[PDB]
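Below sits a lone chain in structure tokens, taken as the form deposited in one PDB entry.
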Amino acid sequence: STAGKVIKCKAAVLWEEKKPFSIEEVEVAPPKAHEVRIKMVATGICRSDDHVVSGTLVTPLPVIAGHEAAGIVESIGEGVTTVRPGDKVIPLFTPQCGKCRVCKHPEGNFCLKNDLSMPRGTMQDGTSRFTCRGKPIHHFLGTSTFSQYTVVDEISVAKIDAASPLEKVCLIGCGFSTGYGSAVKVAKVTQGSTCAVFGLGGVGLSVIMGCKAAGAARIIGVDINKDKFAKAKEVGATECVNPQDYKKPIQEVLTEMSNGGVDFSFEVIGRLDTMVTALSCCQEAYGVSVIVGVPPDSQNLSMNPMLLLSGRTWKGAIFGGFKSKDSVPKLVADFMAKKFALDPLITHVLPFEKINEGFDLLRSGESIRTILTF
């Protein structure tokens, strides 16, 4: 039925920052050319969604948030090649437009049609496919996955394995792929290496997995919160260190530990102090350090250029440096091949109406990942 007609469904609208989400009856306009309209099956709650609500991530409001998700294609607009109705898909918040500077370049993945650099909160043609009582609602990072139906451009949707468990592969739409990509594709962790992962939330557990996929022979997990160590161990940390156990610095007790500093170091905490710390405790002449994520209101860090002079490399990346359309298929194919288990990372699944309930957990921190089922 639906094909061609507007749909009317529930979605969570942030009418204004620092207020809760409201479940609203929403109308989802039909796809124009090169658009696909998706039926959502499961959406993860990521801190970047919550960043919107504090005003930290400035995007046009009112907004439908969500970017981590898998669903099923309902209609496809005119001129769409990549997908067909009924295909399981993952919305992509890093688009893969194919034609730009960054898209042709063999290591750039951060597509030039991204809506992060300057958020407009619209579809590629400057308009919204959403209205709640006449009022337009903005799109978020071209995905808006906290809606029961959503419309994405063809550069922001990736087709995946029809037998794939959508209540687990939705993690590949952001959180797992951002961390595993940092170990596997951005730092290019090598077999035998000694990796230090800073912070052990769900993206950190993904990094540990990357390191493990790459064959590091030592993955030290570090966290001031002792309670994170078991799951980390479970997922690949050979050891785990709590910074408040020592009297010494941590970069000292890590280089000491490692006979000269670790090969690769990753910061999945997101703060300034440990970013620079994570620089100093990877090897002086060839250590590589990846800032997996940095929050939207970041200030300037003070770092002494001298730490680069001996040969350290310092990289940053969005989405694990993966080219989105290219990789999310292969990461599901892999998950289907029984390599990663997204299972240790899912600690709560709620129904989609408990969206605000899913954020309170995020915000008090005992939740690795919450999945919202539709």
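Start at 1 and count along the sequence shown; that's the residue number. In this text, rigid core is short for the largest set of C-alphas that superpose within 1.5 Å between two forms.
Although not depicted, the form deposited in another entry is the subject of the following passage.
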property: Displaced position between this form and the one not shown, chosen from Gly98, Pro85, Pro296, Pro136 (C-alpha, 2 Å or more, rigid core); result: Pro296
property: Core-aligned C-alpha movement of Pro243 between this form and the one not shown reaching 2 Å; result: yes
property: CA of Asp115, rigid core aligned, shift of 2 Å or more between this form and the one not shown; result: no
property: Rigid-core frame, C-alpha of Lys226, shift of 2 angstroms or more between this form and the one not shown; result: yes
